[PDB]
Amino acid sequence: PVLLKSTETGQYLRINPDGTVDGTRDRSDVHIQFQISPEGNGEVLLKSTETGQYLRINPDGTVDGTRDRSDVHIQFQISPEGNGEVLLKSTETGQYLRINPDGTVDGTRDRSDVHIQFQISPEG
């Protein structure tokens, strides 16, 4: 599995079993572990290792988890930003995943937002 960490706030993305999505600095939470899987030839899905939920960015900017494999809002593109940083963009809405300093997670189209930079690291 990999971890998805906001460079700016040092918080890790987490999908909770209740479907909500937030950020935590608790490195010991098993819920911060993800699998990145191919979707077709150009995209990826971001899936919770422990719960099996996929990350979704909804049209309204909210971010949650779903097990509906048919949902068009679970497909992402990972774009290198440098250095070693990436952005995570939902293909359907053009929104980038953001972890806010208060721990909430949402989407934004503002490419210059500092809170949309991630680093992907192997867990262990």
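So that there is no doubt, residue numbering starts at 1 and follows the sequence shown.
**Student:** Once you work out the mean C-alpha B-factor for both 81 to 89 and 30 to 38 from the entry, which is higher?
**Tutor:** Of 81 to 89 and 30 to 38, the stretch with the higher C-alpha B-factor average is 81 to 89.
**Student:** Averaging the C-alpha B factors as listed in the entry, name the stretch that ends up higher: 41 to 49 or 94 to 102.
**Tutor:** According to the PDB entry, the answer is 41 to 49.
**Student:** Rank-wise, by C-alpha B-factor, drop residue 71 into the lowest, middle or highest third of its chain.
**Tutor:** Middle third of the chain for residue 71's C-alpha B-factor.
**Student:** According to the PDB entry, is the CA B factor of residue 112 in the bottom, middle or top third of its chain, that is, lowest, middle or highest?
**Tutor:** Highest third of the chain for residue 112's C-alpha B-factor.
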